[PDB]
Amino acid sequence: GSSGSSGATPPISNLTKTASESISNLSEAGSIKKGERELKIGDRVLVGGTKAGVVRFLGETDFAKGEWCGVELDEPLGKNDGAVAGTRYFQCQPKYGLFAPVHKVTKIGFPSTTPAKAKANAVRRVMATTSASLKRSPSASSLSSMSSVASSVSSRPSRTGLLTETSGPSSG
């Protein structure tokens, strides 16, 4: 190593190993953090029991002192349009973008992971509820059918002529 005149040749080598515990091993900074009560992007959530939106952004806020979840409200119950004191987060319509603490954000559920139930019974993937008539409210329903929009489409600007805009109309 130093007091051996000349010994720059290791005694055989081929087997090696790294890391001692955990699975992480590349760069302790980000990439994969994995939490416990953290929400994911594109997930319906409820806050307070009235405001229900979807996880659009996820990071560290500026006005707060912790990690908040930027959820866009489908209904007019927001405040900012994605911008916060100059800082941009998610591009959405005004009066929709809202920011709330993850711990304060509650989950409602979403259709996707059905098999992953963690309950062995007999058959593969269980799904047999009680055939009832009252679920929660007549207003609330599933995705079976709804009233869509319909109209004639000719596509031919004979009166209109707004090729390029410069000002940008808002009211009217």
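Heads up: these notes are all about the structure in this document. (Residues numbered from 1 in each chain as written, not as in the entry; some residues may be left out. Heavy atoms only, no water.)

## A word on the packing of aromatic side chains
Heads up, the condition is: Side-chain rings of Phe, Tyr and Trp (the six-membered ring for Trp) are treated as a pair once their centres are within 6.5 Å; stacked means planes under 30 degrees apart, edge-to-face means over 60, and tilted covers the remaining angles. Numbered from the N terminus, helices here are DSSP runs of H or I no shorter than four residues, and strands are runs of E no shorter than two. Only protein chains enter the accessibility calculation, which uses a 1.4 Å probe; a residue is then buried when its area is under 20% of its type maximum, exposed when over 50%, and partly exposed in between.
In the structure shown here, the tally under the stated rule is 4 aromatic pairs. A ring pair is formed by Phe57 and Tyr89, whose centres lie 5.2 Å apart and whose planes are at 85°; its orientation type is edge-to-face. Taken together, the positions of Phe57 in strand β2 (residues 51-60) and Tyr89 in the loop between β5 (87-88) and β6 (97-101) put the pair 32 residues apart, joining distant regions of the chain. When the centroid spacing of 5.4 Å and the interplanar angle of 40° are considered together, the rings of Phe90 and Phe99 count as tilted. Residue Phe90 is classed as buried on the basis of its relative accessible area, which comes to 6%. Each member of the aromatic cluster is reached from another via a ring pair, and the members are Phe57, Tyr89, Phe90 and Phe99.

## Digging into the side chain of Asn80
Applied cut-off: As used in this structure description, the phrase polar contact means that two N or O atoms lie within 3.5 Å; if the pair is within protein, one of them must be able to donate a hydrogen and the other to accept it, and residues adjacent in sequence are counted only when both atoms belong to side chains. Here a residue-residue contact requires only that any non-hydrogen atoms of the pair lie within 4.5 Å.
Tracing the backbone through its elements, the reader meets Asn80 in the loop between β3 (67-73) and β4 (83-84). Its relative accessible area of 11% is what places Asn80 among the buried residues. A polar contact of 3.2 Å, which involves the side chain of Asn80, links it to the backbone nitrogen of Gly82. Among the polar contacts listed, one links the side chain of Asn80 to the backbone oxygen of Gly97, at a separation of 3.1 Å. Each residue touching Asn80, except ones within four places of it in the same chain, is listed here: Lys95, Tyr96, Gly97, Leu98 and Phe99.

## Quick word on the sheet that holds strand β7 (residues 106-107)
Applied cut-off: For two strands to be treated as a pair, DSSP must find no fewer than two bridges joining them.
The 5 strands are arranged β6-β3-β2-β1-β7 in an open sheet whose pairing can be described as antiparallel. Bordering the open sheet on either side are β6 and β7, each of which pairs with just one other strand. Looking at chain direction, β3 and β6 are connected through 5 bridges and run antiparallel. Residue pairing across strands places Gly70 opposite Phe99, the latter belonging to β6.

## Re the environment of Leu98
Structurally, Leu98 is set in strand β6. For the pair formed by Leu98 and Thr164, sequence separation is 66 residues and the distance between their alpha carbons is 32 Å. Apart from the residues lying within four places of it in its own chain, the contact partners of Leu98 are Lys51, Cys69, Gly70, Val71, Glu72, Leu73, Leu77, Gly78, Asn80 and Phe90.

## So, the environment of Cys92
When you line up the elements, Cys92 lands in the loop between β5 and β6. On the accessibility criterion, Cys92 (14% relative accessible area) is buried. Distance in space between the C-alpha atoms of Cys92 and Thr16 is 51 Å, their sequence separation being 76 residues. Each residue touching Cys92, except ones within four places of it in the same chain, is listed here: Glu72 and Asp81.

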